[PDB]
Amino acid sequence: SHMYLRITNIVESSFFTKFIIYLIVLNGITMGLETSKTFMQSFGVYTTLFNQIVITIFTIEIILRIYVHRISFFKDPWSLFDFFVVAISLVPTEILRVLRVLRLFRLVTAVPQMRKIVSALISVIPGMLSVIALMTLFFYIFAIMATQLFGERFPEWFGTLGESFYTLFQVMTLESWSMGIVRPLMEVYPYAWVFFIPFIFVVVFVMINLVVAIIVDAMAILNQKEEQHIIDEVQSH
């Protein structure tokens, strides 16, 4: 309650937060430099210790932040991310070596402007889950159908549920859907177009109508809010 407040003033200080951001930017520059074989041959020794130093400092920081925030730390998504991103970077030296770079997203955690962007962007998602679920069910059914219609003759694209899922996603982005998949398919299965065209219609119609519904429903609420404000004034005056 006394040594506590000492470190709480540190962890909460403007300097503390600025320092950590400084390190994030430095280490971010460093991780781009470590991309050059030339650079690594000359200064790899320096950059590697600086990475260990930065992660040590970040470890101390996370530790301090937990002593200060106590339980609230692990009920906070931004610090949960800081935690797991620094924890990943702690596992001893193979894909984890690459996931270490995710600690640069810490620059989103630390900068309030960036948090508001991400929070704002994330906020459409909860209301989209049922549509996403519906779409995932749609993909699943069509992936099953495509696996068994086309998998024997086109193993790479449809031989497996996973592969059909992948290909169906490719068709959704419209990437080479016709020259690359459906025309080749139609040389064996001339009615393949009866499968993929409707698939393309549904998947594109749903995406567009999802955007239309977000905008139009947003404004419906905007209208409800100003309607109450105007009516209250009328009711009051």
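In case it trips you up, residue 1 is the first one in the sequence shown, and so on.
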{"item": "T93-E94 interval: deposited residues absent from the model", "value": "4 to 9"}
{"item": "Of 177 to 185 and 37 to 45, the one with larger mean CA B-factor", "value": "37 to 45"}
{"item": "Per the entry, higher mean C-alpha B factor between 124 to 132 and 68 to 76", "value": "68 to 76"}
{"item": "Largest Cα B-factor, entry values, listed residues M31, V212, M172, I55", "value": "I55"}
{"item": "Relative C-alpha B-factor of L149, binned into the chain's lowest, middle or highest third", "value": "lowest"}
{"item": "Chain third (lowest, middle, highest) by recorded CA B-factor, residue given as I88", "value": "highest"}
{"item": "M207 CA temperature factor, ranked by third within the chain", "value": "middle"}
{"item": "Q113 - which third its CA temperature factor falls in, relative to the rest of the chain", "value": "highest"}
